[PDB]
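In the text below, chain A, chain B and the rest are named by the order of the sequence lines, each starting its count at 1.
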Amino acid sequence: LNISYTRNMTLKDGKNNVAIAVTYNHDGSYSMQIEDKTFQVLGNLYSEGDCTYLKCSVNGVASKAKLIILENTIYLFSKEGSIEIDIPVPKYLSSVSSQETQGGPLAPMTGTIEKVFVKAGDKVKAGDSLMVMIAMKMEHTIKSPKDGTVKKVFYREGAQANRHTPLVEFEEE
Amino acid sequence: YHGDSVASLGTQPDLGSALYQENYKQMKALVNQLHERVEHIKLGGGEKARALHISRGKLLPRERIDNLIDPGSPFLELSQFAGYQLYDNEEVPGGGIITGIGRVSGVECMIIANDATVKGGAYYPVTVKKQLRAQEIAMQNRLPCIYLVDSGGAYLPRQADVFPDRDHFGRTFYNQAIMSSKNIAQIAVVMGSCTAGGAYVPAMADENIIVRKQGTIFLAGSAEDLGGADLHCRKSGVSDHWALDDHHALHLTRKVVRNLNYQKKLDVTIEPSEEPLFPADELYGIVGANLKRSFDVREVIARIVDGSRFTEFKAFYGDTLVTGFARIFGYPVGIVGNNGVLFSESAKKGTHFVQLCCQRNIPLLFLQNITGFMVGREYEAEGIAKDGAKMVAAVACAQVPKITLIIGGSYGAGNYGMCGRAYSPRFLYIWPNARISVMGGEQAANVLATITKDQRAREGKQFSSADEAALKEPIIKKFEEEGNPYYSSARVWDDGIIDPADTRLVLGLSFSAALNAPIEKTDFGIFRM
Amino acid sequence: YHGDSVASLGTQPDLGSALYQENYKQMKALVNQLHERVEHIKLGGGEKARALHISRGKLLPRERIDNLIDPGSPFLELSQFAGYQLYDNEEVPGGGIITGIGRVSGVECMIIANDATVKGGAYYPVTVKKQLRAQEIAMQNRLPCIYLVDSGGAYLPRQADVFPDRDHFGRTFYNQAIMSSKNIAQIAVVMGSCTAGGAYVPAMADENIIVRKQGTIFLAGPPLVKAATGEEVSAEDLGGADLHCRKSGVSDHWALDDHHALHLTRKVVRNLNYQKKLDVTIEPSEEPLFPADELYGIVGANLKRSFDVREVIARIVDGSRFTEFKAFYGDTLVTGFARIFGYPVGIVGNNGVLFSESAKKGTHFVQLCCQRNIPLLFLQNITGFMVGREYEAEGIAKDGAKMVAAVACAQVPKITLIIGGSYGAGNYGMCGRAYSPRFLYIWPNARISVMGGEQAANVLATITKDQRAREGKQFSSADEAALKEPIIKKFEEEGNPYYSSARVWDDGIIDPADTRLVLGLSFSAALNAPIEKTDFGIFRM
Amino acid sequence: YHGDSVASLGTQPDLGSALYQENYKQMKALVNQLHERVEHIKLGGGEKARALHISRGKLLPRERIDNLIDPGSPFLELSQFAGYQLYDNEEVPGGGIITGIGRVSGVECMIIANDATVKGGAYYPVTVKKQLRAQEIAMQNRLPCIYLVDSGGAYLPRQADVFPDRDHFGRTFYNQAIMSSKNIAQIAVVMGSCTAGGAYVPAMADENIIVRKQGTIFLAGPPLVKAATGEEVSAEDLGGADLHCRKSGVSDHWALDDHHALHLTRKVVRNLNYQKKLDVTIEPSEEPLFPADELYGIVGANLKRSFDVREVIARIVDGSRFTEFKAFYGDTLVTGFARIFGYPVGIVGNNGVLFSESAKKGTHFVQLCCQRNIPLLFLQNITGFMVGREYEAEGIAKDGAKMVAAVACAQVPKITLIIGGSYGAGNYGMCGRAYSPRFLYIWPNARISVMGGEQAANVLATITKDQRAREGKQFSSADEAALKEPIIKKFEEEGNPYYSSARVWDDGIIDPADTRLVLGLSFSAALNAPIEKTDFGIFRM
Ligand SMILES: O=CCCCC[C@@H]1SC[C@@H]2NC(=O)N[C@@H]21
Ligand SMILES: O=CCCCC[C@@H]1SC[C@@H]2NC(=O)N[C@@H]21
Ligand SMILES: O=CCCCC[C@@H]1SC[C@@H]2NC(=O)N[C@@H]21
């Protein structure tokens, strides 16, 4: 009533946070200000087959693109190109007490263990090779994530290790 | 079968006519004046206060509401002009409190947020009245109440007008207790300091949320140790939910409302909505700002009802009053509007119409543009007072939702018959050109010009024409100043001053909110035949 | 079987003690001051106005009430001090209106009579508030309303405080319409001129009586007809005419004079087909075992000294019999069951600073009374500026609300009597004006405000001592009383009983010796309405 | 708007951990033991009895239910273990009666079928209790009752425990009459002999179906007629005759065989003119985010070890979404809102020893659910013999009662699931059998008794150590286990889930992997009745 609603939105392009001030106009259009530049934006959503399409006009320039919003990423597909924009995730929703002191680099894939370079108790530094695994004839060398001493080893040479299974246990510090 | 073709109201105004050009220009200036004043009120305490508020990590009060309500949903703010020039040297934008109706998790709720940037959130006498009005609206319509609490306590220099009386600060907790007993959810969000009576608000709420460090609760006033989220959340137990920051608390509030297990049910029949057949901005030219000129109220109706369709009741009887059935955004409505001086026939026609709407449970809308009652020896002999009372008595007892819109003058007993503030309409709005007082400014001047002309003619000292305006000019100035819409709205006599182009939208939002409560059966008193 | 012997409250005070002598002397002076001020208010406008009123053949407003009520019946007048020094240079004795409860034809009714000798019966802002309070009392207790209408219209210089708002003059007609719809009889007697906008009062009434020559009812006065249509009409011809009685039909009964109209009113009430029914058990009445005037010595006028509220109870309840509930728990609050004039009552009275235990004890007691449909009486004496007032209140806030919430939802009749201080949130917990007690009375020694005068002074003496200690310019002790003395004066003036009663915050200032009688009359009137079931909100455990 | 993203409960357990491996192995063995025992109960009387039953052209009792309910619909059987080892030398699989809830013609109904292969369908004391429990469930949820009657009368050797008392066989007809008066349809199908006193069941029903050759209904059997009047009559001639169908009129429908009778029953239910209406809000269903079988490893069979009840919740609620209420206050109790198959539910589960804060937190939560008409689910895991169990309980007693009193008065549907121990007053506060939960289920690892076995042993080890220390004859450590070992054995035997379920204390022992399905079916059935307003007693603050 008697004023215009302006919404402060934040979007992440790569590592850069972009602040967008969106004003809801009476006619149904939107006035967006990014930094010192203002844009007049109007558009709508229409469906072709199973794909949702965004028809928009920015400062009088009209374009069409395929819109997909999965998880926190906005995918825009246009014949000019494809752009991904990340929606910031509120801290509260992000698991508080996020996982910490992760020890085991996980097998890149299901493959035979060809070499083990670490004993049950061994002091290792970041970048110290722990194990070598061959998967579909492709050699991967597992490397030490931390400088912590090794608490235990979950696999021995010749064992087949499934994808994303812990390979080494590191002593709690 | 709803395929019948029907007639529609409204006519195309003469845009070239000088009267239309003048009326549009005058009304436009009033609307522009209204808009820019709200812009200033939007800023609250000011840049220094706002900068200090943000420096503490807290959101601005209006940003809190924006994040609380559903994305893109309209927000119906109430009494934006409370406290406007009310106090001699103190500026209190919006009364220090922001109240309105918005949608949270798909549910219409009443939101009451203290503006900490205005006098540190202290409660002025108008602040209490504005909050009490909001609570009254929530109870009458069964709207859940959300309190964004950030307050500094009562304003001691004016304590006598805040603490003691029935409609003083104490009534706020009484309303919370009553609504809770009726299953009208009371949710409090402590986003700041609350002291003395303020601490009772979170305690009296059904569910309560407090921010980690900003929020503080204590009967007697470090603040964090005495109060604080941790103490109440973990030790005192006063806190039901613990929030990291303002954004987290608002997210929690939306979750709380979603668990109310409430679903809206409509008692009225619904039909598809249709836009009016005429532009709303034409109301500027049609109405203007000169109350002495008269316009056809049907023109106003034609530009707010669905499809400009209107079924007039008793069109040729008591023509100074217009009554009929229409629909706004699909809801059925019975409209009563003034089209001249009230007569005995007009009052009888209104009384008959109000009974019809109450019988069918149809909401009522009143359009007040009054100029008084018919004055004459014959009319009194025929019981005009008896007829006028018939309408005051029917309007009072009606239990259907009632909304009043003052589009012109509102004087004397005509105000009561047209559902004034004293008759508990669910909402009351006024246009920027309205005037309200016990009587018109001129009538009070002329009446006094009879009493003292008599005073000196009968006494015998002559009283000249120049002595007349030393009598009349101060009276006219007083009534003009006290009848101004801003004077009426600064105090909470109405729920806001609205742009005429926004009339249809405001009515649609208001009626939608009023339908959250079931419509009760109407019991009338004795009709003095 | 009711033959059991029981213990009784009260002890004999030491009449020889200096404290008792001083307390009696101070309280007596206050009562004498109260009496003589009422005597002046009794005279209304004055000798010249009264002589003019009688010269027109009309009865004086208080003589009308005397003739209306049953012979010898007591009359409970309300808000005698409304408008006392309220307006700077205008004296408005009693607000220009007399309201009270009396018995007409054996039925308790609310009587609202305009005092035509005061400003010609014009409606001042306080006049509207006093009338609205009377209507609220009548509706809550289902008391028929009798309007002795003799008014001169609204006071134009203060129109903004009379006309527009919800609790302004318009609400008067709204209340009449609502009560009529509930079968609460509305009777109007036009015993004098009814001005513009007052003509509605006769019309909105269920039954109406108008005096032959004196009464005039017109929506537009002869002057407005003269201004609007250029027509000159006598007041009798325009309204209150034989035209109103016969041609217009607004009048239901026609009366020769004031005496005849009052006789007709008594007949109208007798035809209401109403009979009072009691929802509560009744026991024979008994006088208290101690004289009431001893309350002067016991209580005194010094709020800093403390007294045992049980002494006050012992001198107002039947036989001084009292069953205390949770006597040893939360001892700062006293709760128990008693009887006044045979009616059962649950009494809640302050005996010190409120604690968490006291609030819990009160909340438990209020639930008991609501369950059994027992009327509640509150005796407010809140304590201020004590070392106890200077205490951690975090627990007090958590537990007090429970009492504010129980008291608000209680549906049993509630009567509040302020026998001492009434400060802060303690007022709310003890059923303040905001919590709709059926009646609220105050003793002449009471004080009410947001906080005690001293606390406001001391609090400010911390804020500005800090202001200049933290800022660095020193702020001396003499600078302290240039801060404290104006504050203490303001709170003393605005907390005075007359200040509170001049505005309608209470229903009257009563002599302590009259406490038992006033309570008996009030509870008797409140029992005219059936007691409803109480629905509570969520108790925050 | 329901598009908000929210947090979800649950964590991935360490499958490699030794504790998880051991817990899974132990719980799996219990589930396998439960499954194979039910398989044996499934066979009823045995091969010889089953062969004889089929030789008469009658369907087996469980085949009758399969044909009665809608094709492919789930069937919720109740009290499968009633009578398990209850009687010393007599095996009574399932108590001789099969009861459960299934869908007939799209309507949820309670089905009560006698198992004629078990002791010829005679009524043992447990048989009466099982039937009475089924009728209680049907009445509380307004479920139509279908009686597949094939019975041999009361078991005379135990008549004193069947006939006389209020909860004895007579109550069965009382329940039928009461449900009929409430418009809860009572349908009886006589598919076999109806003995003396069972002839009432067809008669007391609203609509009745009898099989042509097999069915016989007679108040007095051919032997009693022969003894009383010296008359010899065939069973078909005396009752269940074409005489009963036509001449006597006791039969409303005539059926050729068992298949025909079941077809007729479905038609009868379709004509009830009933449509289910929901009082609660509904949201789309979602599966939990974690596998249910992980509950084996998480919970195990060792009651001394403790687990986080939130893990159990995360694996049964829609989407593993849970809004916790008062998370950090009284942390030994977990309360919050969730949804199961779209229905809203308030969950109360134990997470340790009950404290004063926990009881207060529970009491507050129960009021919230009752106000909003939200069904309540209780997860009982009470803790016993801990240093915490050895604590001052004076506060616990004062505050616990508040929860016992709120839980009792709650009128929302209540379902209780015992996932661990259930001892002492903790059982009452968590909606035990005595507090009329709509359903009560137990996991195969549960234990229930007045107190934990160890506590009773230790308590006695204090009383007699005292007995001989105070008396003066020494009482040695070996004398201690001649005291403790018999007590521990008794409590272990009587607290076993099968002991509790053999008698009807619960409605069945359920596999943890089936917890979500059983709760979904139970809550769906409980919603057939409208939710009433809750009236509370006095909350002792
Ligand atoms: O074994 C799978 C195919 C690719 C690896 C085979 C190696 S390539 C070197 C050597 N020479 C052969 O012909 N085979 C093995
Ligand atoms: O405005 C000045 C006094 C004469 C005109 C006022 C008119 S008369 C008809 C109508 N009714 C009133 O009470 N006032 C206006
Ligand atoms: O008492 C011994 C058996 C035969 C006599 C019993 C009589 S027959 C009439 C009455 N009805 C019964 O069921 N028993 C008795």
Evaluate whether atom NZ of B/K25 has more than 12 neighbouring non-hydrogen atoms of other residues, nucleotides or ligands under 6.0 angstrom away. no
Does this structure show an ion pair linking B/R303 with B/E299, if we count only N-O contacts that are shorter than 4.0 Å? yes
Does the cation-pi check pass for C/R166 over C/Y174, that is, NZ or CZ under 6.0 Å from the six-membered ring centre and within 45° of its axis? no
Tell me if a side-chain donor or acceptor on B/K130 pairs with a main-chain N or O of B/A82 at a distance below 3.5 Å. no
Give the ring-plane orientation class for B/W493 versus C/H168, where under 30° counts as parallel, over 60° as perpendicular and anything between as tilted. perpendicular
Among side-chain atoms of B/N516 and B/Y262, is any donor-acceptor pair under 3.5 angstrom? yes
Looking just at side-chain N and O atoms, do B/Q368 and B/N338 make a donor-acceptor pair shorter than 3.5 Å? no
Using a 6.0 Å distance limit plus a 45 degree cone around the ring axis, check whether A/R7 lies over the aromatic ring of A/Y30. no
Aromatic ring proximity, centroids under 6.0 angstrom, C/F163 and B/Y416: yes
Measuring from B/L509:CG to A/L1:CG, what's the distance to the nearest 0.5 Å? 8.0 Å
Quick one: do A/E48 and A/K66 make a salt bridge, cutoff under 4.0 Å? no
Where the side chain of B/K349 meets the backbone of B/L321, is there a donor-acceptor pair that is under 3.5 Å apart? yes
Taken in chain and number order and not counting sequence neighbours, the residues that satisfy salt bridge (charged side-chain N to carboxylate O under 4.0 Å, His left out) with B/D494 are none
Rounded to the nearest 0.5 angstrom, the CD-CD1 distance for B/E77 and B/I101 is 11.5 Å
Pair B/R293, B/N23: side-chain N/O donor-acceptor within cut-off below 3.5 Å: yes
Closest non-hydrogen contact found for B/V305 with B/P276 is O-CG, 3.4 Å
Does atom CZ of B/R254 have more than 12 heavy-atom neighbours, drawn from other residues, nucleotides or ligands, at distances under 6.0 Å? yes
If the plane angle is over 60° it's perpendicular, under 30° parallel, otherwise tilted; pick one for B/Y84 and B/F81. perpendicular
D/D4 with B/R258: basic N within carboxylate O range, under 4.0 Å: no
Could you point out which residue of B/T351, B/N339, B/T323, B/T320 forms a side-chain hydrogen bond (donor to acceptor under 3.5 Å, both in side chains) with B/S346? B/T320
Side chains of B/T503 and B/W431: closer than 4.5 Å at any heavy-atom pair? yes
